[PDB]
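Here is the structure we will look at.
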Amino acid sequence: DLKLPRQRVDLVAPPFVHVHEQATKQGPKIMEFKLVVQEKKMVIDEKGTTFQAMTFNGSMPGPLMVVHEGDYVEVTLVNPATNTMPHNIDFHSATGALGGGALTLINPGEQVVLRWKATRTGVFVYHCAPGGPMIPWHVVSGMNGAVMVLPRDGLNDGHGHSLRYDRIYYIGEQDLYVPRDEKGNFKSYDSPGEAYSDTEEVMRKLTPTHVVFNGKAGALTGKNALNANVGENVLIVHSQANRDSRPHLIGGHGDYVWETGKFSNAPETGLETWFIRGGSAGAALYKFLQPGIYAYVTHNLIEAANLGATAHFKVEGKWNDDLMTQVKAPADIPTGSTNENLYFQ
Amino acid sequence: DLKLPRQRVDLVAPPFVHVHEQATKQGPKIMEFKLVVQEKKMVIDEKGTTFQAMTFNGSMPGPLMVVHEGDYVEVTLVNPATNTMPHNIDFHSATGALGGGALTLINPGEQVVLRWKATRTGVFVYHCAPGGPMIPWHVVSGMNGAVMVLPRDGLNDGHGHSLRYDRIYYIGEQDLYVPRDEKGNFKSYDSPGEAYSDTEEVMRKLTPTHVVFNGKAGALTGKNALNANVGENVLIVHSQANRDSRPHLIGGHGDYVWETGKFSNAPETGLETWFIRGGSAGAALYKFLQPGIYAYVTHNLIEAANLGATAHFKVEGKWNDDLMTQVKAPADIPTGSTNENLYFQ
Amino acid sequence: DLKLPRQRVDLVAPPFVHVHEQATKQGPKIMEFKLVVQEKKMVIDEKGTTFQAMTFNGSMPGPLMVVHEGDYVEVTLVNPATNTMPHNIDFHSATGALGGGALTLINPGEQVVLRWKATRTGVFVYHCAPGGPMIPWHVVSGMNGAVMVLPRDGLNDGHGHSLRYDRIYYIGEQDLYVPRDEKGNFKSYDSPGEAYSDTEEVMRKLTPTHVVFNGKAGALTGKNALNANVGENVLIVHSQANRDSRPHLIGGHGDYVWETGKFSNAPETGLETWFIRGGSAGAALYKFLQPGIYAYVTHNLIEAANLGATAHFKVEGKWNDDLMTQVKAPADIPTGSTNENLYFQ
Ligand SMILES: OC[C@H]1O[C@@](CO)(O[C@H]2O[C@H](CO)[C@@H](O)[C@H](O)[C@H]2O)[C@@H](O)[C@@H]1O
Ligand SMILES: OC[C@H]1O[C@@](CO)(O[C@H]2O[C@H](CO)[C@@H](O)[C@H](O)[C@H]2O)[C@@H](O)[C@@H]1O
Ligand SMILES: OC[C@H]1O[C@@](CO)(O[C@H]2O[C@H](CO)[C@@H](O)[C@H](O)[C@H]2O)[C@@H](O)[C@@H]1O
Ligand SMILES: [Cu+2]
Ligand SMILES: [Cu+2]
Ligand SMILES: [Cu+2]
Ligand SMILES: [Cu+2]
Ligand SMILES: [Cu+2]
Ligand SMILES: [Cu+2]
């Protein structure tokens, strides 16, 4: 009895996002998405450590889904008979039934269809939540993604001026808890079930062994650096389903930041580092002003450099010597300089 | 020489709150409260683990005290001779003398009366603070609560519209540090004094063994679930005196959230997860739109599911199929479905 | 080809700040600062524990640099030949080249001159960032400070009223990771190089051994307490380059707080505890209303009392009995009192 145009959306693998319009004059639609659970071993660091992962659509994070305020979202969740455990899905964007968790529990070999109305604008987390201690275990094993619900008029700056992005990326950050053997080496398992008890012991101490973007250390570095151009307005959506994060664009700023991730609230301007609370998504706009390599990190630098949480942007364009310049290149300290006279010696 | 009506308030045990008016046309009063320290063993988890607790009024958290801006708050603190240690009280709502800590130090068998003026609106923490390493130890042993100072006109949305709650609850979150024996079992002690040295060693590593609401794992689940009704505006006050928290209503939102907890600042709207900084109280409004069970958690899910930090709301009313509906119940995956053709396989 | 007045600034050791104007009618200048790297052993706690530190200008934190929006900042970085490692500098206030890190790498015996334009107002972190795992190691060894870029009209309250401070202090908070021997005693090293491998193992677990303000436990207590007077508006700038902090003035409030530290955003009013995200600086105003000792802490009380993160303010003036008063000093509990009748017994 819900009589609205339907539209099928094909999701893509993060950090890219499926095609969508920002501002729209189209009325409300039923937007149809399909997610298939996949349990599999994945590599999570540059030394080749492996991990028994559980994913939506084979990726960590799950794909970003984009709809407009007032749309209805109809999700088919599929749990193929190759999987070993029950799974479900809960959307933080949705209202009732534990975000839909209470309506979507499916055994291997089954599927379910849930519909929810997109009544609140912003970016939101979605994750598996089977019940009890299964909940943290599914989420930290990789079963979490995000949804963005745009206002029909697109983003604005909270002072009645429109904001438009040229480019969008979705960075999902994941905390992982990998057991070690007596000698400190990471342990390997043949199934998720088998990893469980040792993993639980690591989770209980609340300290991750890895903190990764897009599912592995180095995933968004080297040849998979993110691309941009001087002058472009880039939206970066950042989610963390379980633990806090402090995103920082090294060499840049957050021009407009919705750190709690909800478009009904005016963004903050000109931030250096912002804060994603565990269990939420945030979004930041930035207009690149200078070419070159930028590092996008969590600004716990131990986690960024040593546990895996660094992505790269490669930005093409012309350098602006007004903003920054090397006045004098590295040179010998002058013989006639007197730094030994300074207050602190 | 302070000539104002006096009024005695009877406190109640959390998560309930003593009777009060929201908006008031009464002038400033002296509001008189009494707190009695109690040291005692308490059960803190579902396996029956016990802990040497120190409390105000026998509860963790201490009772919520509610007054209006401009009131004077006169607190009698009582330390009965059955207790073993000196205690005091500091209010984050108050100005001077370390929030009153410097005026309220009492040995067992003594009492003291402090008066402070409620000049700043919001929710605030109160806690014991005897001096030095005693401070964290008293607080994490349970000696902390909150006070709410309402504007005389009641809450507003920051755009000049009144906000009124139908129902209020106070959730105090507590981090606990319970020593373990060689074999990993939790240790038991006959006095707070005796637990001290082993507890200090656990505190120094900054990782709690339990994170509980209203003093124990499961305290606000089962038969002590919180009650509400579709349509009701519920205020949830959340405090954490020592460590950060990220509250999340599973299946719901924060309609209006004062995450730093101060009513002079306009609330944020439509949050998924909010953030209580350690050493503070926050407050969130929500109007229930759907019946059923909701879980209120910190959205570090390891802490929520495995360390104790989950409460339940049971909400009566009629389900709204517009907001959310199960279109197709769990069913076998169709033989003629082709999920093996999807981008991620 | 940049034709502007130059002005040399002499930095001073934190928590004090070099002389500057708040509001200015002067046009843009080139502001010239010099920083010299110093590697040396420092004492970091009250038991005399030592640590292989790396600093800018011999202090942890580095000096606060103050300029106005539109100024150009020209920094000479000097790495004397007594040091053992390459170092550089990155400013979060600057745009491009990893905040200048990519232009400032200097070996011992060398110096470099970088110029950046101060286009964004607020307080910002600066830190060494040589590349890879060297980055967290340099920062947590002490190589980080802050810069404040003031609006030309000075601070305002976000509702078009001017804010002026009578007094400014810079509190840099530092997380430290000191290795322990088998018996739990802190280990000593003869060089930074030698401490490295053991320090890395401690950093990987993400739990600091010390959390200190101005470079050591007790640095801003006793005879080095900070000074103020009843009636004065004091600006406290707080930075943390690597880990989150929750500042709290015990006995006071944050009258006006820029917790994300950026002056383009209206401050919050009347906070009890605020939140500095790791990798950022924040600023808070407060007008002292009462004389006496105040403690400025991070409100993780374990860290404040047990790991080193407490400073003192000593405030002169007259006590205001209206705001707070001891109505009845500590006294025996009356024989005819009946506390045994209270709801919680
Ligand atoms: O109190 C009525 C009773 O109805 C139940 C049956 O399980 O379901 C209601 O809520 C569901 C979502 O939780 C809807 O799918 C269903 O249509 C609705 O009738 C119970 O939840 C509830 O106890
Ligand atoms: O500098 C004056 C001197 O007076 C003291 C005496 O202890 O107390 C003042 O402040 C108290 C609260 O801290 C008030 O109770 C008292 O009435 C007031 O005179 C000292 O704190 C201070 O050194
Ligand atoms: O793409 C052009 C090329 O120029 C380089 C040479 O290293 O430098 C540009 O950016 C520098 C700052 O990163 C400026 O100092 C320099 O003036 C500018 O030409 C490369 O970064 C870049 O690949
Ligand atoms: Cu699952
Ligand atoms: Cu969730
Ligand atoms: Cu106490
Ligand atoms: Cu406190
Ligand atoms: Cu360095
Ligand atoms: Cu940085």
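Ligands are numbered from 1 in the order shown, chains are lettered A, B, ... in the order of the structure tokens, and residues start at 1 in each chain.
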
Would you mind listing, as a PyMOL selection string, all residues of chain A that have at least one atom within 9 Å of chain C, where only C-alpha atoms are what counts? chain A and resi 207-209+246+248-253+268-275+289-295+298-307+319-334+339+342-345

For the selection just defined, write its residues with C-alpha atoms to a file, as a compact mmCIF listing (two decimals), in the first residue's frame.
# COMPACT_ATOMS: atom_id res chain seq x y z
CA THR A 207 43.36 -1.86 23.13
CA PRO A 208 43.28 -2.63 19.36
CA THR A 209 46.24 -4.34 17.65
CA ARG A 246 40.34 12.17 15.55
CA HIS A 248 43.25 15.30 10.53
CA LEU A 249 44.20 16.34 6.98
CA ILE A 250 47.97 16.95 7.20
CA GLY A 251 48.72 20.14 5.27
CA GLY A 252 45.00 21.07 5.07
CA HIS A 253 41.99 21.93 7.29
CA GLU A 268 32.07 24.31 12.35
CA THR A 269 34.60 26.19 10.18
CA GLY A 270 38.37 25.99 9.83
CA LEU A 271 39.09 23.00 12.10
CA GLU A 272 42.56 21.46 12.41
CA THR A 273 41.48 18.08 13.87
CA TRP A 274 37.90 16.85 14.38
CA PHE A 275 36.34 14.11 16.54
CA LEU A 289 44.45 25.16 -2.16
CA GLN A 290 47.88 23.54 -2.74
CA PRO A 291 49.08 20.52 -4.84
CA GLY A 292 51.13 17.65 -3.45
CA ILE A 293 50.79 14.72 -1.05
CA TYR A 294 48.48 15.06 1.94
CA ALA A 295 48.16 12.46 4.68
CA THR A 298 43.74 9.85 13.05
CA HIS A 299 45.78 12.27 15.18
CA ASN A 300 46.72 9.69 17.70
CA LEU A 301 50.04 9.50 15.83
CA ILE A 302 50.96 6.15 17.38
CA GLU A 303 47.84 4.70 15.78
CA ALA A 304 48.46 6.58 12.50
CA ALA A 305 52.10 5.56 11.98
CA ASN A 306 52.36 2.27 13.89
CA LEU A 307 48.90 0.57 13.85
CA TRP A 319 51.97 25.61 -5.90
CA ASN A 320 50.99 28.94 -4.27
CA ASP A 321 54.13 30.60 -2.86
CA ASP A 322 52.00 33.24 -1.12
CA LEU A 323 50.51 30.61 1.24
CA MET A 324 53.81 28.89 1.91
CA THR A 325 57.37 29.01 0.65
CA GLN A 326 60.83 27.79 1.51
CA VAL A 327 62.70 31.06 1.90
CA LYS A 328 66.13 29.44 2.40
CA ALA A 329 66.83 25.74 1.71
CA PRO A 330 68.73 23.59 4.32
CA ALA A 331 72.15 25.20 4.89
CA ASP A 332 75.04 25.05 7.35
CA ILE A 333 74.43 27.02 10.55
CA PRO A 334 76.47 30.29 10.14
CA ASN A 339 72.44 30.47 19.38
CA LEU A 342 69.39 32.09 23.85
CA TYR A 343 67.20 32.15 26.96
CA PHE A 344 66.87 28.38 27.26
CA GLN A 345 70.50 27.23 27.05

Excluding residue B:152 and its own-chain neighbours fewer than 6 positions away, which residues fall within 10 Å of it when counting only C-alpha atoms? Please give them as a ChimeraX atom specification. /B:21-28,67-71,121

Write the residues you've just listed into a file as a PDB file, in the first residue's frame, and include N, CA and C atoms for each of them.
ATOM      1  N   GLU B  21       9.439  21.255  39.839  1.00  0.00           N
ATOM      2  CA  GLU B  21       8.724  21.921  38.768  1.00  0.00           C
ATOM      3  C   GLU B  21       9.759  22.227  37.690  1.00  0.00           C
ATOM      4  N   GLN B  22       9.334  22.302  36.436  1.00  0.00           N
ATOM      5  CA  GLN B  22      10.240  22.681  35.354  1.00  0.00           C
ATOM      6  C   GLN B  22      10.329  24.205  35.304  1.00  0.00           C
ATOM      7  N   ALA B  23       9.267  24.856  34.821  1.00  0.00           N
ATOM      8  CA  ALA B  23       9.175  26.307  34.847  1.00  0.00           C
ATOM      9  C   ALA B  23       8.631  26.686  36.219  1.00  0.00           C
ATOM     10  N   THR B  24       9.069  27.821  36.785  1.00  0.00           N
ATOM     11  CA  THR B  24       8.590  28.262  38.089  1.00  0.00           C
ATOM     12  C   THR B  24       8.456  29.782  38.124  1.00  0.00           C
ATOM     13  N   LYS B  25       7.458  30.278  38.857  1.00  0.00           N
ATOM     14  CA  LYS B  25       7.311  31.720  39.048  1.00  0.00           C
ATOM     15  C   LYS B  25       7.657  32.048  40.493  1.00  0.00           C
ATOM     16  N   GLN B  26       8.020  31.013  41.250  1.00  0.00           N
ATOM     17  CA  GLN B  26       8.496  31.225  42.605  1.00  0.00           C
ATOM     18  C   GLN B  26       9.823  31.977  42.503  1.00  0.00           C
ATOM     19  N   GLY B  27      10.100  32.836  43.494  1.00  0.00           N
ATOM     20  CA  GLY B  27      11.389  33.500  43.622  1.00  0.00           C
ATOM     21  C   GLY B  27      12.491  32.543  44.090  1.00  0.00           C
ATOM     22  N   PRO B  28      13.730  33.047  44.311  1.00  0.00           N
ATOM     23  CA  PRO B  28      14.809  32.216  44.855  1.00  0.00           C
ATOM     24  C   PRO B  28      14.537  31.673  46.254  1.00  0.00           C
ATOM     25  N   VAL B  67      17.476  21.977  41.248  1.00  0.00           N
ATOM     26  CA  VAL B  67      17.161  23.321  41.728  1.00  0.00           C
ATOM     27  C   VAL B  67      17.022  24.237  40.510  1.00  0.00           C
ATOM     28  N   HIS B  68      16.643  25.509  40.707  1.00  0.00           N
ATOM     29  CA  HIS B  68      16.512  26.503  39.655  1.00  0.00           C
ATOM     30  C   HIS B  68      17.609  27.552  39.799  1.00  0.00           C
ATOM     31  N   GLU B  69      17.988  28.176  38.674  1.00  0.00           N
ATOM     32  CA  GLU B  69      18.980  29.251  38.639  1.00  0.00           C
ATOM     33  C   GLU B  69      18.632  30.302  39.696  1.00  0.00           C
ATOM     34  N   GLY B  70      19.622  30.708  40.513  1.00  0.00           N
ATOM     35  CA  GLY B  70      19.411  31.731  41.513  1.00  0.00           C
ATOM     36  C   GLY B  70      19.079  31.161  42.887  1.00  0.00           C
ATOM     37  N   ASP B  71      18.749  29.861  42.962  1.00  0.00           N
ATOM     38  CA  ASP B  71      18.476  29.229  44.238  1.00  0.00           C
ATOM     39  C   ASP B  71      19.798  29.186  44.989  1.00  0.00           C
ATOM     40  N   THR B 121      23.424  27.433  34.826  1.00  0.00           N
ATOM     41  CA  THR B 121      22.405  26.449  34.484  1.00  0.00           C
ATOM     42  C   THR B 121      23.043  25.258  33.779  1.00  0.00           C
TER      43      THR B 121
END

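Backbone DSSP over stretch 130-171 of chain B gives helix (DSSP H, G or I) for residues 134, 135, 136, 137, 138, 139 and 140 of chain B.
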
In Å, rounded to a single decimal, give me how far atom CA of residue B:29 is from atom CA of residue B:5.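 If I compute the distance from atom CA of residue B:5 to atom CA of residue B:29, I get 5.3 Å.
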
Counting only C-alpha atoms and all ligand atoms, which protein, DNA or RNA residues come within 9 Å of ligand 4, given as a ChimeraX atom specification? /A:37,39,54-56,85-89,127-130,134-135,137-139,141-143

Shell of 7 Å around residue A:236, only C-alpha atoms, local chain residues under 5 positions omitted, as a VMD selection string: chain A and resid 168 to 170 283 to 285

Go ahead and dump the residues you just picked, N, CA and C atoms, as a compact mmCIF listing (two decimals), in the first residue's frame.
# COMPACT_ATOMS: atom_id res chain seq x y z
N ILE A 168 33.52 13.00 -3.54
CA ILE A 168 33.18 12.47 -2.23
C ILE A 168 33.95 11.17 -2.01
N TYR A 169 34.48 10.98 -0.79
CA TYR A 169 35.07 9.71 -0.42
C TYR A 169 34.51 9.27 0.93
N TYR A 170 34.47 7.95 1.11
CA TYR A 170 34.02 7.36 2.37
C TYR A 170 35.20 6.60 2.98
N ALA A 283 31.24 14.17 8.81
CA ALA A 283 31.61 14.57 7.45
C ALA A 283 32.34 15.92 7.47
N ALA A 284 33.36 16.04 6.58
CA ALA A 284 34.10 17.29 6.49
C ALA A 284 34.28 17.66 5.01
N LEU A 285 34.08 18.96 4.73
CA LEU A 285 34.39 19.57 3.44
C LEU A 285 35.76 20.23 3.50

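Each of A:254, A:308, A:145, A:48 was checked against ligand 5 using only C-alpha atoms and all ligand atoms; the smallest atom-to-atom distance is that of A:145.
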
Between A:171, A:257, A:230, A:297, which is the closest to residue A:317 once you count only C-alpha atoms?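 Smallest separation from residue A:317 among the options: A:230.
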
So which bits of stretch 66-248 of chain A end up strand (DSSP E or B) when you DSSP the backbone, as a PyMOL selection string? chain A and resi 66-68+72-79+87+90-91+106+110-117+122-127+144-150+156+162+167-176+180+186+210-213+216+226-229+233-240+245+247-248
